[PDB]
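Enquirer: A single structure is presented below for examination.
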Amino acid sequence: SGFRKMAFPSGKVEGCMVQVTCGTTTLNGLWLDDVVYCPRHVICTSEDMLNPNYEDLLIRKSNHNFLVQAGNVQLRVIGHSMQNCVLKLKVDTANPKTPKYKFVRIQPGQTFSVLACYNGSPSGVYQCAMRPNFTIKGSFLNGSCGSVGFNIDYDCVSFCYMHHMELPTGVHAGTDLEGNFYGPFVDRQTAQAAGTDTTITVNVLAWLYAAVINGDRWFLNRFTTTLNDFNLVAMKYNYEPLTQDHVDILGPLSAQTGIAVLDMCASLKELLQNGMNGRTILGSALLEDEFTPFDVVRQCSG
Amino acid sequence: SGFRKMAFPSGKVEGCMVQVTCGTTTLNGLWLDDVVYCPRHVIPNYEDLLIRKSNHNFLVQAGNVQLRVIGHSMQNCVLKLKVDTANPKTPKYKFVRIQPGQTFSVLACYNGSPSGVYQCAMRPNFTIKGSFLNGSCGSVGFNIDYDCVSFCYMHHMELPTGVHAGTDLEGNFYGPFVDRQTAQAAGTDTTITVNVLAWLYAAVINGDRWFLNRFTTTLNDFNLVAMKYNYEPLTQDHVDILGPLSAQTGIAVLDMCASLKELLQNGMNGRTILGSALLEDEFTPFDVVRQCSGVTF
Ligand SMILES: CO[C@@]1(C(=O)Nc2cncc3cc(F)ccc23)CCOc2ccc(Cl)cc21
Ligand SMILES: [Cl-]
């Protein structure tokens with residue numbers, strides 16, 4: 001029993017964190033085999049950030065301009081190349097602690113763990129979700145750039161995020177491990193704004209099924225809804241549209257509890273209308289949206 | 001910016017998790033040097049049950065490798081299995097007993113394999129509001145200080161309300177619990193006041209000030225109010241511990257106490273603090289300073 005926001009064990013990722021220094025800039029790198037991946041803005045100055053020409057800044061650098069530190073050991077850089085917004089530094093030593101891994105690009109609504117690091121040293125781990133506006137509500141201070149997001153399935157680490165910037169509202173923007181940003185963001189100090197955020201409807205529904213699995217049913221009602229009527233009401237509260245894919249994904253949880261997706265949708269419509277009336281759902285007074293249907297099955301069923 | 005419930009990196013603890021099997025029971029063990037620590041209920045009269053057992057009755061698995069037991073002894077509610085091999089991944093460590101209100105990270109394991117990590121606080125009623133399923137027994141709680149892992153908790157049982165009970169690594173229970181199937185209940189819980197105040201300072205540091213007011217209070221008047229709302233009494237020690245956060249934000253501890261009194265008496269009025277509609281009490285003053293500054297391990 002119990003329901004917590006759980007992060008994946010960070011050990012396999014800790015053994016990959018290194019410190020990358022270029023001139024006066026120090027940030028984090030991900031050392032996998034003989035390559036160190038880090039944000040390409042490590043080559044920029046604060047002035048360069050307004051309108052950086054990364055190709056022109058990189059052509060003026062040599063291998064020995066990049067200092068890479070793994071623990072108390074200096075790695076030797078033997079090559080460098082750019083792939084979108086990530087810099088790939090070829091090193092002379094393969095990481096002996098390289099886990100089984102893959103680079104995956106996630107969609108909004110998907111969750112992942114973040115290992116927050118400063119000076120190549122991990123300081124903490126927390127669980128996140130890619131918001132519908134492509135930002136993450138993380139906890140990052142200066143020097144956390146290059147910190148990574150991941151999931152672990154079986155013995156395989158799936159890297160899905162690398163931290164690059166903090167937006168004016170306090171939210172965070174970054175790229176996949178191929179250097180493609182999530183969202184309409186650029187690694188430029190431009191007037192960039194997150195976009196109006198919405199609630200991940202499929203995740204709130206999954207969390208409502210997790211409350212029913214843990215023995216809480218006070219929010220259920222005798223009503224149903226069509227998918228269209230549910231979406232007309234959901235949009236009025238800034239909830240993401242629920243698609244037929246979302247209804248399909250909730251099938252296993254519907255079969256386990258005996259509550260049809262559209263009947264759980266009717267309960268969500270009523271919660272939006274009435275509020276909780278001093279009650280909580282799984283220790284929360286807000287409707288939780290950072291647990292996917294897959295996370296609920298993993299934490300509850302085994 | 002940002003404020004999340006952050007756990008310590010679990011790597012140093014992952015390299016110590018093993019599976020312990022005795023008869024039909026399978027649970028988790030902590031392998032440090034040549035000893036494996038696990039709940040004694042893996043085997044009531046535990047010295048009479050233990051005296052029957054031989055070393056080969058305990059099956060210990062570290063990954064896909066079997067460790068052979070060469071000795072066994074009991075320390076309170078913890079069984080210590082002497083193994084033939086010292087763990088080469090043993091970190092720098094110490095066993096520490098924590099007080100209610102203090103927080104720690106939990107590496108939840110099943111069959112000697114870690115599945116997740118989360119942060120939690122020792123409640124005033126000595127229970128933990130964790131997330132544990134069957135097979136999680138022997139999972140451990142810890143803090144990391146520099147390069148040193150301080151083990152403070154080992155999971156033993158779930159109570160009928162869904163909360164959890166366990167021991168320190170010397171086998172002494174936190175709370176009035178016993179490792180036996182009997183009618184045991186979690187006592188009436190209270191809110192950790194010093195932690196709520198620390199979380200209010202973390203909100204001010206992150207730019208949330210709507211709850212601040214021009215008023216201050218006395219420690220006595222605040223405690224008369226706090227006792228009415230099932231909040232733990234705030235001591236002079238608590239006020240002292242909140243000194244650095246008070247100096248950083250410019251808000252005196254009894255000034256922040258007056259803001260907490262208004263939130264208890266009037267609610268949030270449709271508003272939130274750090275994305276929450278409830279007053280959060282599972283962040284200590286030290287966690288707030290560590291997260292809003294940047295300490296690494
Ligand atoms: C070079 O890093 C920038 C940045 O957003 N850094 C940060 C990243 N994470 C957390 C942060 C927390 C802070 F308190 C301060 C800065 C943070 C600084 C501002 O301009 C830019 C413009 C674009 C890009 Cl892709 C990066 C940056
Ligand atoms: Cl995805």
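If you're wondering about the labels, chains in the structure tokens are A, B, ... by order shown, residues count from 1 in each chain, ligands from 1 in order shown.
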Pick out the chain B residues within 8 Å of chain A. Count only C-alpha atoms. Give them as a PyMOL selection string.

Expert: chain B and resi 1-12+14+107+114-118+129-133+158+162-163+276-278+292-297

Enquirer: Generate a file of the selected residues that holds N, CA and C atoms, formatted as a JSON list (two decimals), in the first residue's frame.

Expert:
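Saved as part_39.json:
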```json
[["chain", "number", "residue", "atom", "x", "y", "z"],
["B", 1, "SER", "N", 15.89, 27.75, -9.97],
["B", 1, "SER", "CA", 14.50, 27.70, -9.52],
["B", 1, "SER", "C", 13.93, 26.27, -9.56],
["B", 2, "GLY", "N", 12.80, 26.09, -8.87],
["B", 2, "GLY", "CA", 12.11, 24.82, -8.77],
["B", 2, "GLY", "C", 12.30, 24.21, -7.41],
["B", 3, "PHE", "N", 11.28, 23.49, -6.92],
["B", 3, "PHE", "CA", 11.36, 22.84, -5.62],
["B", 3, "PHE", "C", 10.67, 21.50, -5.67],
["B", 4, "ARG", "N", 11.45, 20.44, -5.64],
["B", 4, "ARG", "CA", 10.96, 19.07, -5.73],
["B", 4, "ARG", "C", 11.36, 18.27, -4.51],
["B", 5, "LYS", "N", 10.63, 17.19, -4.26],
["B", 5, "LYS", "CA", 10.99, 16.26, -3.20],
["B", 5, "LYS", "C", 12.13, 15.44, -3.80],
["B", 6, "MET", "N", 13.33, 15.75, -3.37],
["B", 6, "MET", "CA", 14.53, 15.16, -3.91],
["B", 6, "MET", "C", 15.11, 14.10, -3.00],
["B", 7, "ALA", "N", 15.45, 12.95, -3.56],
["B", 7, "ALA", "CA", 16.10, 11.89, -2.81],
["B", 7, "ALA", "C", 17.61, 11.98, -3.06],
["B", 8, "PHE", "N", 18.43, 11.37, -2.20],
["B", 8, "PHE", "CA", 19.87, 11.31, -2.43],
["B", 8, "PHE", "C", 20.12, 10.33, -3.59],
["B", 9, "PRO", "N", 21.20, 10.51, -4.37],
["B", 9, "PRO", "CA", 21.52, 9.50, -5.40],
["B", 9, "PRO", "C", 21.71, 8.12, -4.74],
["B", 10, "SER", "N", 21.06, 7.08, -5.27],
["B", 10, "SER", "CA", 21.03, 5.75, -4.63],
["B", 10, "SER", "C", 22.16, 4.77, -4.95],
["B", 11, "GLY", "N", 23.04, 5.10, -5.90],
["B", 11, "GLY", "CA", 24.13, 4.24, -6.33],
["B", 11, "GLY", "C", 24.94, 3.53, -5.26],
["B", 12, "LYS", "N", 25.44, 4.27, -4.24],
["B", 12, "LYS", "CA", 26.21, 3.64, -3.15],
["B", 12, "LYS", "C", 25.40, 2.56, -2.39],
["B", 14, "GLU", "N", 22.62, 0.85, -3.87],
["B", 14, "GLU", "CA", 22.31, -0.20, -4.85],
["B", 14, "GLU", "C", 23.34, -1.35, -4.85],
["B", 107, "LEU", "N", 15.41, 3.26, -0.75],
["B", 107, "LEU", "CA", 15.59, 2.50, -1.97],
["B", 107, "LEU", "C", 14.69, 1.26, -1.85],
["B", 114, "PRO", "N", 16.78, -3.39, -6.64],
["B", 114, "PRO", "CA", 16.17, -2.06, -6.44],
["B", 114, "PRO", "C", 15.23, -1.68, -7.56],
["B", 115, "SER", "N", 14.05, -1.19, -7.22],
["B", 115, "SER", "CA", 13.06, -0.80, -8.21],
["B", 115, "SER", "C", 12.77, 0.70, -8.24],
["B", 116, "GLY", "N", 12.99, 1.39, -7.13],
["B", 116, "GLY", "CA", 12.73, 2.82, -7.07],
["B", 116, "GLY", "C", 13.33, 3.51, -5.87],
["B", 117, "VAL", "N", 13.43, 4.83, -5.93],
["B", 117, "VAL", "CA", 13.94, 5.62, -4.83],
["B", 117, "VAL", "C", 12.97, 6.77, -4.55],
["B", 118, "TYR", "N", 12.67, 7.01, -3.27],
["B", 118, "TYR", "CA", 11.82, 8.14, -2.89],
["B", 118, "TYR", "C", 12.28, 8.76, -1.57],
["B", 129, "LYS", "N", 5.19, 7.19, 5.76],
["B", 129, "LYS", "CA", 4.15, 7.07, 4.74],
["B", 129, "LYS", "C", 4.92, 6.68, 3.47],
["B", 130, "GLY", "N", 5.20, 5.39, 3.31],
["B", 130, "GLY", "CA", 5.97, 4.92, 2.17],
["B", 130, "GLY", "C", 5.14, 4.32, 1.07],
["B", 131, "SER", "N", 5.80, 3.65, 0.15],
["B", 131, "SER", "CA", 5.15, 2.97, -0.94],
["B", 131, "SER", "C", 5.84, 1.63, -0.99],
["B", 132, "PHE", "N", 5.22, 0.64, -0.37],
["B", 132, "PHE", "CA", 5.82, -0.68, -0.26],
["B", 132, "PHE", "C", 4.80, -1.75, -0.59],
["B", 133, "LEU", "N", 5.24, -2.82, -1.27],
["B", 133, "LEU", "CA", 4.41, -3.98, -1.59],
["B", 133, "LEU", "C", 5.03, -5.24, -0.94],
["B", 158, "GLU", "N", 3.88, -3.39, 7.30],
["B", 158, "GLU", "CA", 2.84, -2.44, 6.94],
["B", 158, "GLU", "C", 1.73, -2.49, 7.97],
["B", 162, "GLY", "N", -2.13, 1.53, 6.00],
["B", 162, "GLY", "CA", -1.31, 1.70, 4.80],
["B", 162, "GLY", "C", 0.06, 2.31, 5.05],
["B", 163, "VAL", "N", 0.35, 2.73, 6.30],
["B", 163, "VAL", "CA", 1.67, 3.31, 6.67],
["B", 163, "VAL", "C", 2.69, 2.21, 7.04],
["B", 276, "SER", "N", 1.39, 23.47, -4.19],
["B", 276, "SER", "CA", 0.66, 22.63, -3.25],
["B", 276, "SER", "C", -0.50, 23.36, -2.54],
["B", 277, "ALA", "N", -1.64, 22.68, -2.39],
["B", 277, "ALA", "CA", -2.80, 23.21, -1.66],
["B", 277, "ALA", "C", -2.81, 22.78, -0.17],
["B", 278, "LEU", "N", -1.83, 21.97, 0.25],
["B", 278, "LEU", "CA", -1.63, 21.53, 1.62],
["B", 278, "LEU", "C", -0.28, 22.09, 2.12],
["B", 292, "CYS", "N", 18.21, 24.63, -2.12],
["B", 292, "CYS", "CA", 18.21, 26.00, -2.61],
["B", 292, "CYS", "C", 19.67, 26.61, -2.66],
["B", 293, "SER", "N", 20.73, 25.76, -2.45],
["B", 293, "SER", "CA", 22.17, 26.11, -2.50],
["B", 293, "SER", "C", 22.97, 25.24, -3.51],
["B", 294, "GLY", "N", 22.85, 23.91, -3.43],
["B", 294, "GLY", "CA", 23.48, 23.00, -4.39],
["B", 294, "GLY", "C", 24.56, 22.03, -3.92],
["B", 295, "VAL", "N", 24.35, 21.32, -2.79],
["B", 295, "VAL", "CA", 25.36, 20.38, -2.26],
["B", 295, "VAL", "C", 25.42, 19.04, -3.04],
["B", 296, "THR", "N", 26.64, 18.57, -3.44],
["B", 296, "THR", "CA", 26.82, 17.36, -4.25],
["B", 296, "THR", "C", 27.52, 16.16, -3.53],
["B", 297, "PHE", "N", 27.33, 14.93, -4.07],
["B", 297, "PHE", "CA", 27.87, 13.69, -3.49],
["B", 297, "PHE", "C", 28.48, 12.77, -4.56]]
```

Enquirer: Pick out the residues no farther than 8 Å from ligand 2, counting only C-alpha atoms and all ligand atoms, and list them as a list in words.

Expert: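 Answer in the requested format: residues 105, 106, 107, 108, 109 and 110 of chain A.
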
Enquirer: Please, could you write that set of residues out with C-alpha atoms as an mmCIF file, in the first residue's frame?

Expert:
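Writing done, so here's selection29.cif:
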```
data_model
loop_
_atom_site.group_PDB
_atom_site.id
_atom_site.type_symbol
_atom_site.label_atom_id
_atom_site.label_comp_id
_atom_site.auth_asym_id
_atom_site.auth_seq_id
_atom_site.Cartn_x
_atom_site.Cartn_y
_atom_site.Cartn_z
ATOM 1 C CA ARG A 105 12.844 10.914 -27.586
ATOM 2 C CA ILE A 106 9.724 11.130 -25.354
ATOM 3 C CA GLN A 107 6.289 12.742 -25.959
ATOM 4 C CA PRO A 108 4.512 15.286 -23.640
ATOM 5 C CA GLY A 109 2.857 13.506 -20.715
ATOM 6 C CA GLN A 110 5.720 10.987 -20.356
#
```

Enquirer: I need the residues in range 50-231 of chain A that are alpha helix (DSSP H) according to DSSP; give them as a VMD selection string.

Expert: chain A and resid 54 to 59 201 to 213 227 to 231

Enquirer: Report the distance between CA of residue 258 in chain B and CA of residue 218 in chain B in Å, rounded to one decimal place.

Expert: 8.9 Å

Enquirer: Tell me, as a ChimeraX atom specification, which residues lie within 10 Å of range 252-257 of chain B, counting only C-alpha atoms; anything in the same chain fewer than 5 positions away does not count.

Expert: /B:193-194,196-198,200-201,211-219,221-223,226,234,238-243,245-247,262-263

Enquirer: Output N, CA and C atoms for every residue in the selection just made, as a tab-separated table (two decimals), in the first residue's frame.

Expert:
```tsv
chain	number	residue	atom	x	y	z
B	193	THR	N	5.87	20.90	12.50
B	193	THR	CA	5.85	22.37	12.43
B	193	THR	C	7.13	23.02	11.91
B	194	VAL	N	8.30	22.61	12.43
B	194	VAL	CA	9.58	23.17	11.99
B	194	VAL	C	9.81	22.95	10.48
B	196	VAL	N	7.27	22.57	8.17
B	196	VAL	CA	6.34	23.43	7.43
B	196	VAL	C	6.93	24.85	7.31
B	197	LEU	N	7.53	25.35	8.39
B	197	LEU	CA	8.14	26.67	8.41
B	197	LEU	C	9.30	26.75	7.42
B	198	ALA	N	10.15	25.71	7.37
B	198	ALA	CA	11.27	25.62	6.43
B	198	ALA	C	10.75	25.67	4.99
B	200	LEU	N	7.93	27.03	3.99
B	200	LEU	CA	7.43	28.39	3.77
B	200	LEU	C	8.61	29.32	3.40
B	201	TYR	N	9.78	29.13	4.02
B	201	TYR	CA	10.97	29.90	3.67
B	201	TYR	C	11.45	29.50	2.26
B	211	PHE	N	1.50	34.91	1.29
B	211	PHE	CA	1.13	34.53	2.67
B	211	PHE	C	1.81	35.36	3.76
B	212	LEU	N	2.80	36.17	3.39
B	212	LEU	CA	3.48	37.00	4.36
B	212	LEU	C	2.58	38.13	4.84
B	213	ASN	N	2.78	38.51	6.10
B	213	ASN	CA	2.03	39.61	6.68
B	213	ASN	C	2.96	40.50	7.55
B	214	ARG	N	2.48	41.66	8.00
B	214	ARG	CA	3.25	42.57	8.85
B	214	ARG	C	3.36	42.11	10.31
B	215	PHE	N	2.68	41.02	10.69
B	215	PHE	CA	2.59	40.61	12.07
B	215	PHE	C	3.68	39.66	12.54
B	216	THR	N	3.93	39.70	13.82
B	216	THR	CA	4.84	38.79	14.51
B	216	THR	C	4.04	38.17	15.68
B	217	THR	N	4.58	37.15	16.33
B	217	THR	CA	3.89	36.48	17.44
B	217	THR	C	4.87	36.08	18.53
B	218	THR	N	4.37	35.57	19.66
B	218	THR	CA	5.25	35.03	20.70
B	218	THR	C	5.30	33.51	20.47
B	219	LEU	N	6.35	32.85	20.96
B	219	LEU	CA	6.46	31.40	20.83
B	219	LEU	C	5.30	30.70	21.54
B	221	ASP	N	2.12	31.92	22.28
B	221	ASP	CA	0.85	32.10	21.57
B	221	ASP	C	0.79	31.22	20.33
B	222	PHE	N	1.93	31.11	19.61
B	222	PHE	CA	1.97	30.25	18.43
B	222	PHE	C	1.71	28.79	18.81
B	223	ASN	N	2.34	28.29	19.89
B	223	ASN	CA	2.15	26.91	20.33
B	223	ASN	C	0.73	26.61	20.84
B	226	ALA	N	-1.00	26.14	17.49
B	226	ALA	CA	-0.48	24.97	16.82
B	226	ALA	C	-1.04	23.66	17.41
B	234	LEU	N	6.58	23.90	18.71
B	234	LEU	CA	7.80	24.48	18.18
B	234	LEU	C	8.66	24.88	19.37
B	238	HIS	N	14.15	24.64	17.53
B	238	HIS	CA	13.59	24.78	16.19
B	238	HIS	C	13.80	26.20	15.66
B	239	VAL	N	13.53	27.21	16.50
B	239	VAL	CA	13.70	28.62	16.15
B	239	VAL	C	15.17	28.90	15.80
B	240	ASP	N	16.11	28.30	16.56
B	240	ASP	CA	17.54	28.46	16.33
B	240	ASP	C	17.96	27.84	15.00
B	241	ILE	N	17.48	26.62	14.73
B	241	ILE	CA	17.77	25.91	13.48
B	241	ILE	C	17.25	26.70	12.25
B	242	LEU	N	16.15	27.46	12.40
B	242	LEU	CA	15.62	28.26	11.29
B	242	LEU	C	16.31	29.62	11.09
B	243	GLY	N	17.31	29.92	11.93
B	243	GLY	CA	18.09	31.16	11.89
B	243	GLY	C	18.68	31.49	10.54
B	245	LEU	N	17.85	30.55	7.45
B	245	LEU	CA	16.77	30.86	6.50
B	245	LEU	C	16.10	32.20	6.83
B	246	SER	N	16.04	32.56	8.11
B	246	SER	CA	15.47	33.83	8.55
B	246	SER	C	16.39	34.98	8.14
B	247	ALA	N	17.71	34.78	8.27
B	247	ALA	CA	18.71	35.78	7.90
B	247	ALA	C	18.72	36.00	6.38
B	262	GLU	N	-2.15	32.33	10.31
B	262	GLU	CA	-3.19	32.79	9.40
B	262	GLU	C	-3.57	31.73	8.37
B	263	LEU	N	-2.61	30.91	7.92
B	263	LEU	CA	-2.91	29.82	6.99
B	263	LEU	C	-3.71	28.70	7.69
```

Enquirer: Neighbours of range 182-196 of chain A within 6 Å (only C-alpha atoms; same-chain residues fewer than 4 positions away dropped), as a JSON list (two decimals) with N, CA, C and O atoms, in the first residue's frame?

Expert:
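File written: selection.json
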```json
[["chain", "number", "residue", "atom", "x", "y", "z"],
["A", 49, "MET", "N", 25.63, 34.41, -26.08],
["A", 49, "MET", "CA", 24.27, 33.91, -25.91],
["A", 49, "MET", "C", 23.17, 34.67, -26.64],
["A", 49, "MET", "O", 22.20, 34.04, -27.03],
["A", 50, "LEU", "N", 23.31, 35.99, -26.85],
["A", 50, "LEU", "CA", 22.29, 36.75, -27.57],
["A", 50, "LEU", "C", 22.10, 36.27, -29.01],
["A", 50, "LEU", "O", 20.98, 35.99, -29.42],
["A", 133, "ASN", "N", 3.38, 21.80, -22.75],
["A", 133, "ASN", "CA", 4.08, 22.92, -23.42],
["A", 133, "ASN", "C", 5.59, 22.66, -23.60],
["A", 133, "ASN", "O", 6.36, 23.60, -23.81],
["A", 134, "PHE", "N", 6.02, 21.40, -23.42],
["A", 134, "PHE", "CA", 7.37, 20.89, -23.63],
["A", 134, "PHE", "C", 8.40, 21.34, -22.60],
["A", 134, "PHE", "O", 9.59, 21.12, -22.82],
["A", 175, "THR", "N", 17.00, 19.23, -24.37],
["A", 175, "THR", "CA", 16.96, 18.45, -25.61],
["A", 175, "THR", "C", 16.90, 16.94, -25.35],
["A", 175, "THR", "O", 17.10, 16.50, -24.23]]
```

Enquirer: Skipping near chain neighbours, those fewer than 2 positions away, what residues fall within 9 Å of range 60-67 of chain A using only C-alpha atoms, listed as a count of residues only?

Expert: 20

Enquirer: Just checking: using only C-alpha atoms and all ligand atoms, which residue out of A:34, A:229, A:248, A:48 ends up closest to ligand 1?

Expert: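 Looking only at the distances to ligand 1, the closest residue turns out to be A:48.
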
Enquirer: Can you work out which one of A:207, A:223, A:239, A:181 has the shortest atom-to-atom distance to ligand 1, counting only C-alpha atoms and all ligand atoms?

Expert: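 The closest residue to ligand 1 is A:181.
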
Enquirer: Show me, as an MDAnalysis selection string, the residues that have an atom within 10 Å of residue 161 in chain A when counting only C-alpha atoms, minus same-chain residues fewer than 3 positions from it.

Expert: chainID A and resid 103:106 112:114 130 146:150 158 164 173:182

Enquirer: Output N, CA and C atoms for every residue in that selection, as a JSON list (two decimals), in the first residue's frame.

Expert:
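The result, stored in selection-v9.json:
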```json
[["chain", "number", "residue", "atom", "x", "y", "z"],
["A", 103, "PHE", "N", 19.12, 5.89, -26.56],
["A", 103, "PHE", "CA", 18.65, 7.27, -26.57],
["A", 103, "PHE", "C", 17.21, 7.20, -27.08],
["A", 104, "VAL", "N", 16.25, 7.71, -26.31],
["A", 104, "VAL", "CA", 14.85, 7.72, -26.75],
["A", 104, "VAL", "C", 14.31, 9.18, -26.68],
["A", 105, "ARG", "N", 13.48, 9.60, -27.64],
["A", 105, "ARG", "CA", 12.84, 10.91, -27.59],
["A", 105, "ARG", "C", 11.42, 10.68, -27.06],
["A", 106, "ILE", "N", 11.04, 11.34, -25.96],
["A", 106, "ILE", "CA", 9.72, 11.13, -25.35],
["A", 106, "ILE", "C", 8.66, 12.13, -25.86],
["A", 112, "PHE", "N", 9.86, 10.73, -16.28],
["A", 112, "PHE", "CA", 11.25, 10.30, -16.24],
["A", 112, "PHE", "C", 11.90, 10.80, -14.98],
["A", 113, "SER", "N", 13.03, 10.19, -14.61],
["A", 113, "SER", "CA", 13.81, 10.60, -13.44],
["A", 113, "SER", "C", 14.90, 11.55, -13.87],
["A", 114, "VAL", "N", 15.24, 12.49, -13.00],
["A", 114, "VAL", "CA", 16.30, 13.43, -13.27],
["A", 114, "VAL", "C", 17.38, 13.32, -12.20],
["A", 130, "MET", "N", 7.25, 15.50, -18.81],
["A", 130, "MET", "CA", 7.37, 16.41, -19.94],
["A", 130, "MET", "C", 5.99, 17.06, -20.01],
["A", 146, "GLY", "N", 23.41, 20.15, -18.44],
["A", 146, "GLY", "CA", 24.00, 18.86, -18.78],
["A", 146, "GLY", "C", 23.49, 17.72, -17.93],
["A", 147, "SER", "N", 22.72, 18.02, -16.85],
["A", 147, "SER", "CA", 22.04, 17.01, -16.01],
["A", 147, "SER", "C", 21.05, 16.24, -16.94],
["A", 148, "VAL", "N", 20.81, 14.95, -16.65],
["A", 148, "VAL", "CA", 20.03, 14.15, -17.57],
["A", 148, "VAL", "C", 18.79, 13.51, -16.95],
["A", 149, "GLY", "N", 17.82, 13.28, -17.82],
["A", 149, "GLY", "CA", 16.56, 12.60, -17.57],
["A", 149, "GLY", "C", 16.60, 11.22, -18.18],
["A", 150, "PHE", "N", 16.02, 10.24, -17.48],
["A", 150, "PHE", "CA", 16.08, 8.85, -17.92],
["A", 150, "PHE", "C", 14.98, 7.98, -17.32],
["A", 158, "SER", "N", 17.28, 4.28, -20.55],
["A", 158, "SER", "CA", 16.84, 5.05, -21.71],
["A", 158, "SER", "C", 17.01, 6.53, -21.41],
["A", 164, "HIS", "N", 19.33, 22.24, -20.56],
["A", 164, "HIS", "CA", 20.02, 23.31, -21.27],
["A", 164, "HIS", "C", 19.70, 24.69, -20.68],
["A", 173, "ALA", "N", 13.91, 23.92, -19.92],
["A", 173, "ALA", "CA", 13.89, 23.46, -21.30],
["A", 173, "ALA", "C", 15.19, 22.75, -21.63],
["A", 174, "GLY", "N", 15.09, 21.69, -22.43],
["A", 174, "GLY", "CA", 16.26, 20.91, -22.80],
["A", 174, "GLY", "C", 16.05, 20.11, -24.06],
["A", 175, "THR", "N", 17.00, 19.23, -24.37],
["A", 175, "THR", "CA", 16.96, 18.45, -25.61],
["A", 175, "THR", "C", 16.90, 16.94, -25.35],
["A", 176, "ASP", "N", 16.68, 16.13, -26.41],
["A", 176, "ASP", "CA", 16.87, 14.69, -26.29],
["A", 176, "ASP", "C", 18.44, 14.51, -26.38],
["A", 177, "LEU", "N", 18.93, 13.27, -26.33],
["A", 177, "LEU", "CA", 20.39, 13.05, -26.38],
["A", 177, "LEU", "C", 20.98, 13.17, -27.81],
["A", 178, "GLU", "N", 20.14, 13.42, -28.82],
["A", 178, "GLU", "CA", 20.61, 13.76, -30.17],
["A", 178, "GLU", "C", 20.68, 15.31, -30.36],
["A", 179, "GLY", "N", 20.40, 16.09, -29.30],
["A", 179, "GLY", "CA", 20.48, 17.54, -29.37],
["A", 179, "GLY", "C", 19.28, 18.27, -29.93],
["A", 180, "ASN", "N", 18.14, 17.59, -30.13],
["A", 180, "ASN", "CA", 16.93, 18.26, -30.63],
["A", 180, "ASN", "C", 16.13, 18.72, -29.44],
["A", 181, "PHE", "N", 15.86, 20.01, -29.35],
["A", 181, "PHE", "CA", 15.07, 20.57, -28.26],
["A", 181, "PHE", "C", 13.67, 20.02, -28.23],
["A", 182, "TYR", "N", 13.11, 19.93, -27.03],
["A", 182, "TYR", "CA", 11.70, 19.62, -26.87],
["A", 182, "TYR", "C", 11.06, 21.01, -26.85]]
```

Enquirer: Please identify all polymer residues within 7 Å of residue 72 in chain B, counting only C-alpha atoms, omitting same-chain residues fewer than 3 positions from it, and present them as a ChimeraX atom specification.

Expert: /B:55,80-82

Enquirer: Mind writing the picked residues with N, CA and C atoms as a compact mmCIF listing (two decimals), in the first residue's frame?

Expert:
```
# COMPACT_ATOMS: atom_id res chain seq x y z
N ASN B 55 23.66 -22.59 8.83
CA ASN B 55 24.11 -21.63 7.84
C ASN B 55 23.55 -21.88 6.44
N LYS B 80 22.00 -10.98 11.42
CA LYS B 80 23.29 -10.69 10.80
C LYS B 80 23.88 -12.00 10.29
N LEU B 81 23.99 -12.13 8.96
CA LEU B 81 24.49 -13.33 8.32
C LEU B 81 25.91 -13.10 7.88
N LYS B 82 26.86 -13.84 8.47
CA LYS B 82 28.26 -13.77 8.10
C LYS B 82 28.40 -14.49 6.77
```

Enquirer: Which residue is closest to residue 49 in chain B? Choose from B:16, B:148, B:74, B:128 and count only C-alpha atoms.

Expert: B:74

Enquirer: Which residue is closest to residue 294 in chain A? Choose from A:242, A:282, A:250, A:212 and count only C-alpha atoms.

Expert: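 Checking each of A:242, A:282, A:250, A:212 against residue 294 in chain A, counting only C-alpha atoms, the winner is A:250.
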
Enquirer: Closest to ligand 1 among A:145, A:272, A:200, A:18, using only C-alpha atoms and all ligand atoms?

Expert: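 Nearest to ligand 1: A:145.
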
Enquirer: What does the structure give for the distance between CA of residue 155 in chain B and CA of residue 61 in chain B, in Å to one decimal?

Expert: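 Interatomic distance here is 18.9 Å.
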